[PDB]
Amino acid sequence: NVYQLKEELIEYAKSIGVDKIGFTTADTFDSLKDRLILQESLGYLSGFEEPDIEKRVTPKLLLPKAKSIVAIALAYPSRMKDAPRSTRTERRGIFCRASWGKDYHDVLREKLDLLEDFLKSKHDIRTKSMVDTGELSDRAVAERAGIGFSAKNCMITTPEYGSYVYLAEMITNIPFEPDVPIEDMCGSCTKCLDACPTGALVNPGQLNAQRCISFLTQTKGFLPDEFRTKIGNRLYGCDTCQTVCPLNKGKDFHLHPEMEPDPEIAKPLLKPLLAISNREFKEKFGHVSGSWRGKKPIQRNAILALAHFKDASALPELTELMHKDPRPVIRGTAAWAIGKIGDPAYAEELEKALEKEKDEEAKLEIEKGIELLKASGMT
């Protein structure tokens, strides 16, 4: 009966393109609770987590008289067909794989809405669904439901699809039989830990999110200097601890057409981003997950990417931004970039902007830019 409904749910889930489905109880996540507290006391959380720990670990608080949680996963593509080439004059930035195609929040919610209506259409079933923006830890739910195991890079990693999956889940009042957690396949490997550009993976399965490039790309303020050279040409997110992972070798699934990257926005030219209108940003980037904080972090990161490529051809546009952009973070990061690119011809204009800039943080960035030129010109 419940066994029967489970069988049907699984069947239906697959038919609407869910790539993996699991079941667990609505029992409290005791281990997670301790973990969240530890991470918090260490200053290792990101701040994107639901702040109420009671709600994060207690399904029955979220859904009264809850009995189970249904976990779903969808595999997303890891290779971009016909990626454009980033040339000396036409430099590009890159969005992480989790921001290719239609925002996964929309895709996975659509599927959960269907799973919910499936159950409602039967019987007194009650549900509460979430993807990423709900109170639960999606990874904790998926681990306990047998979707994948918790690898050393913190990713839920599946045998079929690797770590390249979007997670979502649905709390119900249906006493489904739970599944069994699956085996840890990392063994003695430490490739992700050694590859991480900032050492954010401080121990296996432990992230200092404050040092993680994926977090850093999404911040709205000034990027701390020690990361300005580690971010490379990343505009949003970071994939290094997954792409380097042996468990992901060969894993390039194209099962969902709306997840297919549009190469011109997944790997966009940097210079046009510096001047994009809001209307144009909304039209081009508005349906990818990477636009959820608007265009400012993206534009800040594109400035850093151009400094990274030392693109002297961006120096006039950067000079205009340093002067004209209404945002202190953009004027300041542009001034730093001008100094970083290392064309002594712009030293004078930095000196002149310093005397005109009123914002103290931006003034400081112009001073750093001036300093960068002074040091590099004397080499």
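Don't overthink the numbering: it's just position in the shown sequence, from 1.
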So residue 123 and residue 124 are neighbours in the shown sequence, but is anything from the deposited sequence left out between them? Give the count as none, 1 to 3, 4 to 9, or 10 or more.
1 to 3
Which is higher in the entry, the mean Cα B factor of 215 to 223 or that of 86 to 94?
86 to 94
Averaging the C-alpha temperature factors as deposited, the higher value of 152 to 160 versus 76 to 84 falls on 76 to 84
Which of 234, 230, 256, 271 ranks first by CA B-factor in the deposited coordinates
230
From 245, 266, 147, 108, pick the one with the largest CA B-factor in the entry?
245
Lowest, middle or highest third of the chain for the C-alpha temperature factor of residue 64?
highest
Which third, lowest, middle or highest, does the C-alpha temperature factor of residue 249 belong to within its own chain?
highest
Against its chain's modelled residues, does residue 293's Cα B factor rank lowest, middle or highest third?
middle
Among the modelled residues of this chain, does the Cα B factor of residue 134 put it in the lowest, middle or highest third?
middle
Entry-reported Cα temperature factor of residue 104, expressed as the chain third it lands in
lowest
